[PDB]
Amino acid sequence: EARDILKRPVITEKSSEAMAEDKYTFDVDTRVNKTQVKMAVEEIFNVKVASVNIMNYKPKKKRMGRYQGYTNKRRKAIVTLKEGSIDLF
Amino acid sequence: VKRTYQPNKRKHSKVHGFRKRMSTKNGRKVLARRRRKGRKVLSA
Amino acid sequence: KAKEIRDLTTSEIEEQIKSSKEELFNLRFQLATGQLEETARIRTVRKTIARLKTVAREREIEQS
Amino acid sequence: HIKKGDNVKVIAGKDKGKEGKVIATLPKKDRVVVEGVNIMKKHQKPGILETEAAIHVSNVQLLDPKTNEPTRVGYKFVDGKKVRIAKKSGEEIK
Amino acid sequence: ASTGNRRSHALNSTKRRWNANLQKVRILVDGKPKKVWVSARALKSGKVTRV
RNA sequence: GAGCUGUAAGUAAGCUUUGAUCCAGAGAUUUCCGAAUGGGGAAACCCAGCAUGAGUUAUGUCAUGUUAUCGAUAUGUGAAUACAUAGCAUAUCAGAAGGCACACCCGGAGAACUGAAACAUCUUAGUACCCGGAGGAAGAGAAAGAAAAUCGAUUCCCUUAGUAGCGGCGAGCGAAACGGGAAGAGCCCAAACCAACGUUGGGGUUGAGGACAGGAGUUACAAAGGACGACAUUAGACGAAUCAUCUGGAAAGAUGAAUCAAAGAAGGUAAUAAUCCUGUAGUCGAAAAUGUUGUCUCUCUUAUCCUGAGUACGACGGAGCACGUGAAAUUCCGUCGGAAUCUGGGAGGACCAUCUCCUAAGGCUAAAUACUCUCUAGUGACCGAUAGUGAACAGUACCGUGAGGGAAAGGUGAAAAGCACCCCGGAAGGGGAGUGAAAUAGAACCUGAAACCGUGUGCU
RNA sequence: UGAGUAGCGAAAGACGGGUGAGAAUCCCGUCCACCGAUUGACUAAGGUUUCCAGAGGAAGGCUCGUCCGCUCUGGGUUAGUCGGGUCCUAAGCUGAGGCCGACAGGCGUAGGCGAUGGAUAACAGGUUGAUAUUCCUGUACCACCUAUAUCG
RNA sequence: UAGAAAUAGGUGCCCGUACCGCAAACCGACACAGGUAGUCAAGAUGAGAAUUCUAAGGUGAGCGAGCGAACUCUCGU
Ligand SMILES: [K+]
Ligand SMILES: [K+]
Ligand SMILES: [Mg+2]
Ligand SMILES: [Mg+2]
Ligand SMILES: [Mg+2]
Ligand SMILES: [Mg+2]
Ligand SMILES: [Mg+2]
Ligand SMILES: [Mg+2]
Ligand SMILES: [Mg+2]
Ligand SMILES: [Mg+2]
Ligand SMILES: [Mg+2]
Ligand SMILES: [Mg+2]
Ligand SMILES: [Mg+2]
Ligand SMILES: [Mg+2]
Ligand SMILES: [Mg+2]
Ligand SMILES: [Mg+2]
Ligand SMILES: [Mg+2]
Ligand SMILES: [Mg+2]
Ligand SMILES: [Mg+2]
Ligand SMILES: [Mg+2]
Ligand SMILES: [Mg+2]
Ligand SMILES: [Mg+2]
Ligand SMILES: [Mg+2]
Ligand SMILES: [Mg+2]
Ligand SMILES: [Mg+2]
Ligand SMILES: [Mg+2]
Ligand SMILES: [Mg+2]
Ligand SMILES: [Mg+2]
Ligand SMILES: [Mg+2]
Ligand SMILES: [Mg+2]
Ligand SMILES: [Mg+2]
Ligand SMILES: [Mg+2]
Ligand SMILES: [Mg+2]
Ligand SMILES: [Mg+2]
Ligand SMILES: [Mg+2]
Ligand SMILES: [Mg+2]
Ligand SMILES: [Mg+2]
Ligand SMILES: [Mg+2]
Ligand SMILES: [Mg+2]
Ligand SMILES: [Mg+2]
Ligand SMILES: [Mg+2]
Ligand SMILES: [Mg+2]
Ligand SMILES: [Mg+2]
Ligand SMILES: [Mg+2]
Ligand SMILES: [Mg+2]
Ligand SMILES: [Mg+2]
Ligand SMILES: [Mg+2]
Ligand SMILES: [Mg+2]
Ligand SMILES: [Mg+2]
Ligand SMILES: [Mg+2]
């Protein structure tokens with residue numbers, strides 16, 4: 001289930017600035033806790049995790065012509081590595 | 001001057017929410033009427 | 001592929017499910033980093049997993 | 001009943017009387033693209049492209065193998081297979 | 001209890017009920033003694049015996 | 001049987017004659033809320049117990065199952081209290097809950113405006129609303145009947161008949177039997193009485209009978225199953241016959257000459273097509289599932305006593321009967337009283353006598369009948385965008401705390417061929433040049449009336 | 001039509017420089033002026049992306065607009081200790097059994113839910129375009145777990 | 001009451017967290033002279049959180065330019 005917990009890496013200027021400090025940002029499944037995220041990261045990337053910070057993002061109002069709607073709600077986890085490194089690219 | 005509507009999330013949910021409607025036969029009648037008419041929104 | 005799956009032992013089906021889920025995970029990470037561009041591989045692996053779980057359930061229902 | 005690669009005669013439209021190979025088939029719209037038939041001039045932004053525009057399938061007709069006259073096509077069975085056959089002659093269509 | 005009409009001398013109609021003459025006695029229901037409301041006419045009939 | 005990855009263009013990356021997309025039958029998967037049921041809760045969320053399993057030295061975390069209440073069964077255990085019971089714990093069952101087109105149906109409960117030219121009896125009306133229960137129908141049903149020469153369960157249609165009658169005899173309300181039809185079906189108990197250890201079997205079921213002395217069937221009349229066949233439904237397949245010229249952007253139109261027809265229904269195709277396409281008449285077709293069905297089978301069968309008791313019935317108060325308590329029989333409810341036992345009992349519109357018909361106080365029963373959210377196939381001297389659904393593109397937008405109210409909005413062209421390129425302009429917008437039959441068909445796109453707004457000027 | 005009419009919603013602006021097709025209205029600067037028991041700062045409710053950056057100027061903005069709480073594209077909210085839950089109860093709501101009621105239902109025992117109150121372990125500094133007692137640095141505390149020697 | 005340590009190392013979940021917030025974002029159909037709970041409380045003067053001017057900090061109010069008639073409104077003599 002570890003590969004169901006982690007959906008995708010988040011690559012932004014802020015997330016790259018965090019990567020410079022050995023912090024890796026992932027979009028995760030909205031139903032998981034940060035302990036599950038830590039275990040999933042450890043299982044997938046064979047690294048040691050110092051800590052996990054997690055946050056929720058509300059759906060964003062969005063439109064395409066007369067069709068207004070929302071984006072999906074998101075859960076964002078920032079994973080601080082104790083040892084190892086993650087080669088996303 | 002103070003107007004009639006002073007919004008309150010808790011008050012609104014407790015008086016008009018889904019569970020309050022389910023709590024009485026007439027509230028369930030409201031839900032049935034709104035389902036029959038085809039409303040997108042059945043309650044708060 | 002259902003014919004090819006049908007010739008594998010139950011444990012092998014489980015072994016292929018795990019490795020297919022690993023390849024699918026890798027494809028998503030490549031896509032999110034703008035490095036895949038071969039986007040049809042995602043649906044192929046997804047349906048293969050579906051087929052693998054379909055047969056596993058079929059045999060787990062013939063045994064019981 | 002009209003397939004890609006077929007030799008067809010155009011029996012209605014501007015190019016009525018011309019023959020050509022069926023380049024493409026659009027079964028959902030019931031239209032075919034016939035080489036050299038219904039040439040459109042489109043204004044390409046990044047010249048004037050000249051290419052075929054589809055015409056309705058009912059405006060083309062197959063030509064009989066023997067008489068080389070337009071023919072409607074029926075169907076017959078030979079060893080569990082459906083084969084196009086001409087109405088005018090009855091010989092199987094390629 | 002049945003519903004009917006109370007009728008005035010001018011025949012004005014008003015809805016009314018006719019209640020049974022229920023009396024609270026113990027009748028040993030389903031083997032177990034139990035105080036239940038039972039009509040006096042039922043007690044006269046004899047289907048239900050008290051105590 | 002060649003394209004395909006929805007609407008739905010666009011690429012990108014792919015799938016597909018080693019048979020894809022697609023259609024039908026059957027399977028598998030099926031998050032969370034919701035009766036929602038482990039507990040809570042402001043629905044789609046939060047928090048747990050127990051058992052089992054991952055993981056970790058270990059805790060934290062996770063996975064899977066299970067845990068509502070009331071019923072049901074069966075194992076204990078235990079009060080006041082001695083036996084007991086109430087109660088309590090545990091296992092097993094998975095019976096109920098909630099929803100609806102809930103339109104038709106049965107029941108409980110039940111208005112008012114209104115009419116009476118006021119109004120109370122009466123009417124609206126046992127209607128509207130509310131509540132309960134179900135079914136594909138429901139209800140009714142096998143004479144204590146209709147009647148007055150006899151019929152023979154119920155229901156429904158016609159008629160009787162706006163009659164008889166009811167009615168502040170006002171306004172109004174308003175039958176039934178006979179006759180003609182649709183459909184058609186009859187049955188099971190309780191009792192006496194036998195066999196056995198009061199409870200089970202046997203027996204019996206009515207207008208005088210009972211006690212005693214192969215043919216019928218799962219549609220009631222008892223109830224579970226199999227074999228084979230049939231048909232139909234849910235995908236589909238085949239399916240006759242036209243060419244030429246003219247005008248046109250385009251022919252199906254006109255003209256000339258042909259053909260098919262169990263097919264001249266219809267729709268499409270660049271204008272109006274029986275013969276171009278999809279079809280039509282007609283014929284063919286099912287691996288699978290679902291029905292309805294026939295045969296075989298398979299089942300079952302060969303007046304001494306009794307005859308429904310707190311009943312019938314009666315008084316008082318009400319209700320239902322077309323009928324308002326009246327000459328009011330007939331049916332039901334509350335309260336109170338309260339029979340008879342084939343020499344019996346009930347009805348025939350108060351009541352009595354005779355006569356005649358029937359045999360209450362237990363139950364079951366198809367069909368003819370009611371309705372349509374639906375499905376399949378069709379139809380219309382029905383609408384054609386202010387019409388027709390509120391809605392051709394929406395119970396949306398919007399309004400309201402909420403219940404709730406509730407719009408506007410269809411058309412380029414045959415085909416996007418949707419205007420390359422040049423010029424003014426920041427753009428918008430234009431003038432050319434092209435496409436097109438047409439661009440005053442350029443997307444605010446068929447036609448483009450009137451109000452209204454401008455420019456020019458013949459007379460004034 | 002009324003009609004280029006009424007209005008354009010409490011107030012102090014001036015100039016320089018810039019940008020631009022276009023500037024009283026945008027940016028920057030200096031001077032001037034207004035609030036200051038507040039026109040300042042921080043919490044709560046309520047709203048729900050309006051926040052940040054880059055690009056834009058049809059519509060919206062009572063004028064203008066190069067600007068914007070407007071449009072396009074891409075981003076932004078980090079907690080063992082803050083507030084709430086895994087703690088507690090009040091009013092009130094609900095309520096196994098239970099009592100009552102034509103139906104529907106009403107009431108109520110144990111119990112439960114329920115803060116506006118009770119309990120409860122983290123502080124200072126730094127840092128971004130946008131977060132910070134949450135991130136980083138420094139120094140702590142609390143609960144549980146394990147390892148190396150009475151509880152009630 | 002019945003009843004039946006230090007030290008070292010490790011672990012610590014969910015929800016909220018942007019922004020406005022006495023308002024241009026909340027309630028008032030509006031970028032509306034209104035309504036909106038609590039907290040922080042500088043200096044001069046003063047009894048004072050009155051008054052006037054200032055600090056911190058914020059702001060110049062989303063139409064302007066002239067003219068300086070009647071009349072209307074607010075203000076002074
Ligand atoms: K055609
Ligand atoms: K924050
Ligand atoms: Mg957090
Ligand atoms: Mg649920
Ligand atoms: Mg639940
Ligand atoms: Mg619950
Ligand atoms: Mg059960
Ligand atoms: Mg159950
Ligand atoms: Mg129903
Ligand atoms: Mg029902
Ligand atoms: Mg009247
Ligand atoms: Mg009901
Ligand atoms: Mg019902
Ligand atoms: Mg055919
Ligand atoms: Mg044909
Ligand atoms: Mg022709
Ligand atoms: Mg009898
Ligand atoms: Mg009556
Ligand atoms: Mg009567
Ligand atoms: Mg009478
Ligand atoms: Mg009588
Ligand atoms: Mg029109
Ligand atoms: Mg309409
Ligand atoms: Mg043009
Ligand atoms: Mg132009
Ligand atoms: Mg031009
Ligand atoms: Mg043009
Ligand atoms: Mg024209
Ligand atoms: Mg037009
Ligand atoms: Mg005007
Ligand atoms: Mg003027
Ligand atoms: Mg005027
Ligand atoms: Mg004036
Ligand atoms: Mg003015
Ligand atoms: Mg102003
Ligand atoms: Mg001042
Ligand atoms: Mg901004
Ligand atoms: Mg403007
Ligand atoms: Mg914006
Ligand atoms: Mg209660
Ligand atoms: Mg009761
Ligand atoms: Mg509190
Ligand atoms: Mg900030
Ligand atoms: Mg903040
Ligand atoms: Mg603001
Ligand atoms: Mg303003
Ligand atoms: Mg304001
Ligand atoms: Mg205000
Ligand atoms: Mg003071
Ligand atoms: Mg002051």
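Worth knowing before you read on, the calculation uses all heavy atoms, side chains too, and leaves out hydrogens, waters and symmetry mates. Each chain gets a letter, A, B and so on, in the order the sequences are listed, and its residues count up from 1.
At a cut-off of 3.5 angstrom, counting only N and O atoms as typed in the model, there is a donor on one side and an acceptor on the other between the side-chain of A:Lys58 and the base of G:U49. A donor and an acceptor atom sit less than 3.5 Å apart, one in the side chain of E:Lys15 and one in the base of F:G126. Judged by distance alone, with hydrogens and angles left aside, B:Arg33 brings no side-chain donor or acceptor close enough to the base of F:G404 to form a pair under 3.5 Å. With hydrogens and angles ignored, no donor-acceptor pair closer than 3.5 Å exists between the side chain of B:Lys9 and the base of G:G47. Side-chain atoms of B:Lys14 come within donor-acceptor range of the base of F:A42, with a qualifying N/O pair under 3.5 Å. With hydrogens and angles left out, the side chain of A:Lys14 and the base of G:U131 share a donor-acceptor pair within 3.5 Å. The base of F:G1 has none of its N or O atoms less than 3.5 Å from a complementary donor or acceptor on the side chain of D:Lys81.
As a whole-Å value, the separation of B:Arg10 CZ from G:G92 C1' is 11 Å. Rounded to whole Å, atom P of F:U401 lies 7 Å from atom OH of B:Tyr5.
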Might you list the N or O atoms of the protein lying below 3.5 Å from N or O atoms in nucleotides 20-26 of chain F, with each pair's distance?
none

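The side chain of E:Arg41 lies closest to F:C336, out of G:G76, F:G41, F:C336. Side-chain proximity of C:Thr39 to the nucleotides F:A420, F:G14, F:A12 is greatest for F:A12. In the set F:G406, F:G338, F:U121, F:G406 carries the atom at the smallest distance from any side-chain atom of B:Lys37. Side-chain atoms of B:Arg3 lie closest to H:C27 of the nucleotides F:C122, F:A403, H:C27. Closest contact between the side chain of D:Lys87 and the listed nucleotides F:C62, F:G110, F:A240 involves F:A240. The nucleotide whose nearest atom lies closest to any side-chain atom of D:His1 is, among F:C243, F:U278, F:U121, F:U278. Proximity note for D:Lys82 (side chain, C-beta onward) versus G:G76, F:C238, F:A403: the nearest is F:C238. Closest to the side chain of B:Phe18, from the set F:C243, G:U78, F:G34, is F:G34.
Between B:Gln6 and B:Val1, the one whose closest nucleotide on RNA chain H sits nearer the 5' end is B:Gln6.
If you check every strand for non-hydrogen atoms under 4.0 Å, A:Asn56 touches sugar and phosphate atoms only.
Remark: F:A397 does not pair with F:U311, failing the Watson-Crick or G-U wobble criterion at under 3.5 Å for both atom pairs. Nucleotides F:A339 and F:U331 fail the pairing criterion: they make neither a Watson-Crick nor a G-U wobble pair with both donor-acceptor distances under 3.5 Å.
Using the sign of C1'-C2'-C3'-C4' as the criterion, G:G57 falls on the south side of the pucker cycle. A positive value of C1'-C2'-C3'-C4' puts the sugar of F:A147 in the north, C3'-endo-like family. In this entry H:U36 carries a north-puckered sugar, per its positive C1'-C2'-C3'-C4' angle.
A side-chain donor-acceptor contact under 3.5 Å links A:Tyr24 and A:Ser85.
For the OP1/OP2 pair of F:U396 and a distance below 4.0 Å, the side-chain nitrogens and oxygens of B:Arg39 include at least one atom meeting the criterion.
How far CD1 of D:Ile48 is from NZ of D:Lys41: 9.5 Å, rounded to the nearest 0.5 Å.
Using a 4.0 Å cut-off between charged nitrogen and carboxylate oxygen, C:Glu58 and C:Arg6 count as a salt-bridge pair. A:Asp29 and A:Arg74 are not joined by a salt bridge, as no carboxylate oxygen comes within less than 4.0 angstrom of a charged side-chain nitrogen.
For the neighbouring bases F:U199 and F:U200, a stacking contact is recorded, both ring-centre distance under 5.5 Å and ring-plane angle under 30° holding. Using a cut-off of 5.5 angstrom for ring-centre distance and 30 degrees for interplanar angle, F:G239 is classed as not stacked on F:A240.
Between F:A26 and F:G253, the distance separating the two P atoms is 49 Å to the nearest Å.
Shown here, F:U57 is classed syn by the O4'-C1'-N9-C4 or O4'-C1'-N1-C2 angle, which is within 90° of 0.
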